[PDB]
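The deposited numbering applies: residue 78 is where the sequence shown begins, and numbers increase by one.
Even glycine gets a Cβ: it sits at the ideal position worked out from N, Cα and C.
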Amino acid sequence: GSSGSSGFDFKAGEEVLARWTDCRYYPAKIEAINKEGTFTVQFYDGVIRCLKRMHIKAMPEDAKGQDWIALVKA
């Protein structure tokens with residue numbers, strides 16, 4: 078526990094962040110899941126590589142927009 082539960086949904090075509098040859102994170106998307114014991118991903122440049130879950134993260138709501146966090150009905 079002690080780390081939240083706000084989301085964990087991952088699928089082929091989902092947009093994500095990943096660590097690259099450069100230590101900074103960058104906008105990417107999932108191309109495949111467990112297909113080669115790894116997560117295949119594609120970057121905005123068009124390049125495709127395979128990584129572990131330990132090098133990939135879900136992007137924030139600020140990277141997508143039009144969210145509903147703390148905007149419940151009344």
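Residue i classed as buried or exposed, judged by whether at least 16 other C-beta atoms fall within 10 angstroms
| i | result |
| --- | --- |
| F116 | buried |
| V124 | exposed |
| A95 | buried |
| residue 63 | Residue 63 cannot be examined here, being either before or after the span of the chain that is shown, 78 to 151. |
Three-state secondary structure (DSSP) of residue i
| i | result |
| --- | --- |
| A140 | helix |
| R130 | helix |
| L148 | coil |
| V93 | strand |
Nearest-angstrom beta carbon gap, residue j and residue i [assumed within contact, 8 Å]
| i | j | result |
| --- | --- | --- |
| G84 | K106 | Contact flag wrong, Cβ pair sits at about 16 Å. |
| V93 | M136 | 6 Å |
Proximity test, residue i beta-carbon vs the ligand FAD heavy atom, cut-off 7 Å
| i | result |
| --- | --- |
| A147 | For the structure depicted, the ligand FAD is absent and the ligand set is empty, with no information on it obtainable. |
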